[PDB]
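In: have a look at this fold, sequence not included:
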């Protein structure tokens, strides 16, 4: 009845003429601003660690960031993070299969789709609450804080 369905995923339809799709830049900027990510390539999201940190933001208590590897460097480390994440999906009842065996690969295509839908899928649940991604793994202020600090000067000229 009324009671329940508290923490569920609001499927995404968007079945209409209108079509709002972002590009490599944006697609990344969205996440880089969501949980303060520094991904320079959509393929980077392959790690999954990002998708895992999102579940906690939208649906708290559904995903375990502890079992997630934000420092994942190898391929196997990409699957592990996805594993725990998959739980958050079935936990609520997400009918969006998570292609890890592929996502891990680190492709630029199979990724675009996932993330592409990961955006609208976040707005269908995100009402307007503040979520601190850092506080999730905060310890000693000393440690180097994550920042997009990146700039490369260039541009040859002849005169």
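Out: Sure, I can see it. Numbers count the residues shown, from 1 in each chain.
In: quick check: longest helix of the chain.
Out: In the chain, taking DSSP state H as the definition, the longest helix is helix 76-92.
In: next helix or strand past it?
Out: Moving toward the C-terminus from helix 76-92, the next helix or strand (DSSP states H and E) is helix 100-103.
In: so which bits of that following helix are buried?
Out: The neighbour-count check on helix 100-103 (16 or more other C-beta atoms under 10 Å) flags 100, 103 as buried. (C-beta placed from N, C-alpha, C; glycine too.)
In: against which helices or strands is it packed?
Out: helix 76-92, helix 109-123 (3 or more C-beta pairs under 8 Å, 6 or more residues apart in numbering; DSSP states H and E).
In: mind checking how far it is from the chain centre?
Out: Mean-position distance between helix 100-103 and its chain equals 15 Å (C-alpha atoms, centre = their mean, to the nearest Å).
In: how close does the spatially most central residue of the chain get to residue 99?
Out: In the chain, the residue lying closest to the centroid (C-alpha atoms, centre = their mean) is residue 51, at 3.2 Å. Separation of residue 51 from residue 99 (C-beta to C-beta, to the nearest Å): 12 Å.
In: so which helix or strand takes in the residue lying closest to residue 61 once chain neighbours are set aside?
Out: Spatially, and ignoring its direct neighbours in sequence, residue 61 is nearest to residue 7 (6.9 Å; C-beta to C-beta, 6 or more residues apart in numbering). Using DSSP H and E, residue 7 sits within no helix or strand.
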